[PDB]
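This document contains two forms of one protein chain, each encoded as structure tokens and listed individually as structure 1 and structure 2.
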Structure 1
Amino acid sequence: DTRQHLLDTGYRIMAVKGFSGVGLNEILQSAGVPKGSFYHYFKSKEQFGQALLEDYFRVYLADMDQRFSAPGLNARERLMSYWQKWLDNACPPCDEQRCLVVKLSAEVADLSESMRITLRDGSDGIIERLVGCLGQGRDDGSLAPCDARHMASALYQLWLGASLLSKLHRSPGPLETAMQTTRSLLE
């Protein structure tokens, strides 16, 4: 409820303004919660950051699992559905960024050990799901053989970099480059 409302409002604003660039008041005002309530549920802005990041990964990873077990698609189709979504809902009429790994990693990495680790574990979990799907495709013939752990990492790295350049250009341009390199890397 109130805690969850704060987490949501936080995610919504930090996705755009970052961690250091928002103040508790803006989050608070935008959510209609008093400062004393904020500090009833979180001991600090840092601890709040972590919570929002954990909740973010729980939700993100749930979706990845659902996606990589969708009925009626083979593994390749499942894997590509993920990259396509990344490319699709990132045409740049979208300012409110979806991806906290892209938005917060570099800022937060030297600032909060708890947020650094949460981002770190969260990304590893993302990579983990990719490894499974890559593996599933080696079972159903959808995908060529490869070192699934290496491939998932390299692809994920490639798409992360694309998102940076994408934000830098306000173009989905670099993501198209990513998609294309991905098709090339698989098969």
Structure 2
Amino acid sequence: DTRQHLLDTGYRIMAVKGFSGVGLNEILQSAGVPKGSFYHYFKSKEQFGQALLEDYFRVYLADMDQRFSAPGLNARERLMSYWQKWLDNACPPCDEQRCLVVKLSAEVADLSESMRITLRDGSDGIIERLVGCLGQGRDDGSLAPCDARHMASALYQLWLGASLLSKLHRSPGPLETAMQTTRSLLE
């Protein structure tokens, strides 16, 4: 229970203030968990950060596997519903930036090397499924030919950038632009 309570409280804090500007002290009084009880689950603030990331990429990559493997859907449909998921998981007007590549990639220089290695890996793992799914649509005729490596990265950048700007402006506008653009570049 309390391990997970710390992890969920780690995420909510992480979504608003990042990881490196946040004392363990802050995490602790936000979780309402005592210090002693923290060191029973995690060796460190740094290791608690790894756990959070690790946990974050697993849930995220698994959802992407489920979706990009959904029977009865072509590669266009599988891919589109992932972008829709992004557009619908975002709340422009909430303080929480739930997309950590966006949150943490902006703060990467003040992170440890281990955290940076995990963040690039998680991030490479998203692009890679995007490439897979693009390549798969060329096989079932669902998507017009393209350089799939190039397209995947182009699309991911576009959406990261819209996440970033959506949060600045507390507005849905930039994610709508990302979607509209994604429809044009595809089909």
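Definition used throughout: the rigid core is the maximal C-alpha set that superposes within 1.5 Å between two forms. Sequence positions of structure 1, starting at 1, serve as the residue numbers.
Peer 1: Only one of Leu28, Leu160, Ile127, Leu61 crosses a C-alpha shift of 2 angstroms between structure 1 and structure 2, counting 2 angstroms or more, core aligned. Which residue?
Peer 2: The answer here is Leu28.
Peer 1: Please say whether, between structure 1 and structure 2, the C-alpha of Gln97 moves by 2 Å or more once the core is aligned.
Peer 2: After core superposition, the C-alpha of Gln97 moves 2 Å or more between structure 1 and structure 2.
Peer 1: Is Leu79 among the residues whose Cα moves by 2 Å or more between structure 1 and structure 2 after superposition of the rigid core?
Peer 2: Not so; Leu79 is displaced by less than 2 Å.
Peer 1: Would you say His40 moves its Cα by 2 Å or more between structure 1 and structure 2, aligning on the core?
Peer 2: Yes, its C-alpha moves 2 Å or more.
Peer 1: Can you give the CA shift of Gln180 between structure 1 and structure 2, in Å, with the two forms fit on their core?
Peer 2: So the C-alpha of this residue moves 0.8 Å.
Peer 1: After superposing on the rigid core, how much does the Cα of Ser114 shift between structure 1 and structure 2, in Å?
Peer 2: On core superposition, this C-alpha lies 1.2 Å from its counterpart.
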